[PDB]
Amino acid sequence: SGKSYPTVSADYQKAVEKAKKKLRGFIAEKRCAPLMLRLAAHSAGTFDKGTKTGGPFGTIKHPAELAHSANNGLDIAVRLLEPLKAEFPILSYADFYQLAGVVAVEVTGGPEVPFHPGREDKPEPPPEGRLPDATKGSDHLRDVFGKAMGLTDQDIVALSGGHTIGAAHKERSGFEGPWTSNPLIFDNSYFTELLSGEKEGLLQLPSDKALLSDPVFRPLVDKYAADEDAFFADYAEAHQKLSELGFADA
């Protein structure tokens, strides 16, 4: 909503479609879906609505942005995609990385997140420090997702569910381990685990836990744990919005 998507040529659209297929095979084979989803979200999550700066505009490939502490390990993601990107010179890096995130959700069994091409690659990375801090709580989440990005409380909880795939690594964030028993399967297990309490072998970040105690976030955790279809619907909505921050009249 509020979006006017740009026209791209037929050749551009053809390349999107071909790149989508190549990304499915590559991501599935390399077992890197969680890392690609992180790459897409960290690219998008820097958007500040008040200044219209940052966002999903290809800047995460910049050595300067990769160097941000919140981006530890994403240099691997960028390197992994470079040979594929080279097969699609017509596409912006901006579009390619968001497409990789959409594909990451799909190949792990998640919802089909709508994708619209046309993001332009911007020259300057945003300032460091805009991405969410895992050690903080509900006020912080609203500052970053709501005040900066312009997303809703519903979008915050749904997007937190992205942790249903993947794991933290002690050499990247310092945190360690998967949120779920099935880290390459996209489902509502993140919320199920968040509710059941701490289980050995599984991770919960303070930021994950903050969902449980917030008056608005908690009913959403409950809904998603009870209804995976509702989670998938809200997740697809939220991911689309995230992937489109600052893009197509924002």
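Residue indices: 1-based, along the sequence shown.
Comparing 121-129 with 89-97, the higher mean C-alpha B-factor in the PDB entry belongs to 121-129.
According to the PDB record, 197-205 carries the higher mean C-alpha B-factor of the two stretches 197-205 and 182-190.
Ranking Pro111, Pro114, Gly162, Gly137 by the C-alpha B-factor listed in the PDB entry places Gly137 at the top. Among the modelled residues of its chain, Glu106 has a C-alpha B-factor that falls in the lowest third, as given in the PDB entry. When all modelled residues of the chain are sorted by CA temperature factor, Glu176 is found within the middle third. In the deposited entry, the Cα temperature factor of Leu242 places it in the lowest third of its chain's modelled residues. The PDB entry assigns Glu17 a C-alpha temperature factor belonging to the lowest third of its chain's modelled residues. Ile60: CA B factor in the highest third of modelled residues in this chain (values from the PDB entry).
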